[PDB]
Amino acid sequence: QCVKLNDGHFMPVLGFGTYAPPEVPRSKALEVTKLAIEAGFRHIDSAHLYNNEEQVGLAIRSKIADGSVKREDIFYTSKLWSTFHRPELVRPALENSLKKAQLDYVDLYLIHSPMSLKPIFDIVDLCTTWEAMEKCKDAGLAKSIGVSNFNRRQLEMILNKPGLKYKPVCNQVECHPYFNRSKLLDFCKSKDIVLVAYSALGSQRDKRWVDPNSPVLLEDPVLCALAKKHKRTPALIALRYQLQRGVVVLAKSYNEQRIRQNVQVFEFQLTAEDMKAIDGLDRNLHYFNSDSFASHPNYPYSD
C-alpha cells in the first residue's frame, strides 16, 4: 500500500534500494530494477551519487514499454548531491538526473544530506537550497520534495523558515532495530512528515565507512527468534517492524530470490510483544561511522 504525503501525493510504503558499490557492474542496476518491479515494488530509490540513474530509468521505461506498469504506477526518487546545495545549482542538478533517467519528472526529490561539500566542506544556508527545491516542485520537475539525513534541529530549521511554501514530505534517514530513531520518528509524525528508513536491513557494511566489528543486524538472535516464530526470515521481521511503526522502508537487494522475498512483508504481522522485543534492540548504533563526515559542521549525529 501507500501513505498519503503532506502535499496530497502518495508514496508506496515499501521501496527498492538501488545503490551498489562501484565493484558491481552498472548494468546490474538495470537487471535488478526490472526484477524488483516484476516482484511488486512500485517505489524505486536512486540518486545522482549512485551513478545508476541511466540504468534505473531504463528499467522503469522497459517495464512501461512492455505494459507491466504505467508511469503513474511507479514512484521514482532521486537526490541532490551535497556539492550542489548552492541554490542556483539545484534545478540544473535535477534536470541532469531527469535526462540521465530519461524521465519527465521525479516523484520525489530529496536533499541527499545536510553536509554541504565544496562545489572539503562548504557552508550553505540550506534554507536557500530548500527554496530552490520548492521552485522545482512548482515547475513540475518533482511532484514532491523532501530531505534526507536531517536531524530534528535541521528539520525545524526548514519548518521554521520565513515564507515557507512546502514542508518536506519526508526525511529519509538510517533506521533499523539498532538505531530505531523513535524520538525523531515521533517528531516527524507530529509534523505529518514521513520517516523513510534506509539501511533497514543493517546496511551493505561498505568497508569505506562501516566498522566490520559492528553487529550484523540480520544475525541478531532476537530477529532470528521472531523469524522462527513467524516462519519468515530476519530480513522480513526487520522490514515488517518499520511498516508497523508507520515508517516507509527501503530494501536494497541485487539477488533475485531476496528481491522476491522482500515483498512478503505485506503477508504477515508482528504482535505488540514482538514489536516490544524489537524495540528492546535499540542501542544508538549507526552503521555509518567514518572520520570522513563525523566532524562535518552539519553532521547529523552530533545531536
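Heads up, when I say rigid core I mean the largest set of C-alphas that superpose within 1.5 Å between the two forms. Heads up: residue numbers just count along the shown sequence, starting at 1.
Taken in 9 other deposited structures of this protein and fitted on the core, 292-300 and 4-12 differ in how far their Cα atoms move from the shown form, and the one that moves more is 292-300. Core superposition of the other structures onto this form places the C-alphas of 282-290 farther off in 9 other deposited structures of this protein than those of the other stretch among 15-23 and 282-290. The segment from residue 119 to residue 120 is interrupted, since 10 or more residues of the deposited sequence in that interval carry no coordinates.
Averaged over Cα atoms, the B-factor as recorded in the entry is higher for 157-165 than for the other of 217-225 and 157-165. A summary of the deposited B-factors shows that, of 288-296 and 9-17, the stretch with the larger mean C-alpha value is 288-296. Out of 197, 193, 74, 111, the entry records its largest CA B-factor for 74. Ranking 106, 185, 127, 147 by the C-alpha B-factor listed in the PDB entry places 127 at the top. The PDB entry assigns residue 176 a C-alpha temperature factor belonging to the lowest third of its chain's modelled residues. Per-chain ranking of the deposited C-alpha B factor places residue 136 in the middle third. In this PDB entry, the Cα temperature factor of residue 123 sits in the top third of its chain's modelled residues, the highest group. In this PDB entry, the Cα temperature factor of residue 37 sits in the middle third of its chain's modelled residues. Sort the modelled residues of the chain by CA B factor and residue 202 lands in the lowest third.
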